[PDB]
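Note sheet for the following structure.
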Amino acid sequence: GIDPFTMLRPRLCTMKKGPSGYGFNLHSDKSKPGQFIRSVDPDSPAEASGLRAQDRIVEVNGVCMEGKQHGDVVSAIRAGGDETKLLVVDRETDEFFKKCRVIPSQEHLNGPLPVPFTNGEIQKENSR
């Protein structure tokens, strides 16, 4: 809808090996797990696919890598073949997901994001 916060949604980056590889660098954080975009090359399929800096890898090739290690994620990317699809979330987007305890995925891409407060609504509390 026309919600001012409905823009807090992830993006699916689809990138094929251009020259002889891809053009981005991942950084593994020593406190928080997951691969974050350290830097991306503007003249590569990575930037074209929508690989924003400081964004975190959530899914790769349709596989969710929340809680996975550096080797697991990287090996999955390499096992994608000539191209790979990365799912990333912005700082604002990820903070939104954090506060709602929601894990970003492909469905949230074109979805109107999770419902506020997760549940709420004590509608017809009969409990009989």
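Going from the start of the chain as shown, residues are counted 1 onward.
Cβ atoms are placed via backbone N, Cα and C, with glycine included.
Features as listed in Swiss-Prot:
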{"type": "DOMAIN", "residues": "12-92", "note": "domain 'PDZ 2'"}
{"type": "MOD_RES", "residues": "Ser20", "note": "phosphoserine"}
{"type": "MOD_RES", "residues": "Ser127", "note": "phosphoserine"}
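In the PDB entry this protein carries:
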{"type": "SEQADV", "residues": "1-7", "note": "expression tag"}
Next on the checklist: For the C-alpha pair, I'd like the distance in angstrom between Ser20 (phosphoserine) and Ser127 (phosphoserine), rounded off.
Outcome noted: 62
Checklist outcome for this item: Given the expression tag (1-7), its same-chain partners at Cβ distance under 8 Å and 6+ residues beyond its ends are 96, 112-113
Next on the checklist: I'd like the Cβ neighbour count for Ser20 (phosphoserine), meaning other Cβ atoms within 10 Å of its Cβ, all protein chains included.
Outcome noted: 5
Item to check | Neighbour tally for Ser127 (phosphoserine), based on other Cβ positions within 10 Å of its Cβ | outcome: 4
Checklist entry - Which residue counts does DSSP yield for the expression tag (1-7) in the helix, strand and coil classes, in that order? => result 0 helix, 0 strand, 7 coil
Item to check | Conformational class of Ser20 (phosphoserine) under the three-state DSSP mapping | outcome: coil
Checklist entry - So, by DSSP, how many helix, strand and coil residues make up the domain 'PDZ 2' (12-92)? => result 16 helix, 30 strand, 35 coil
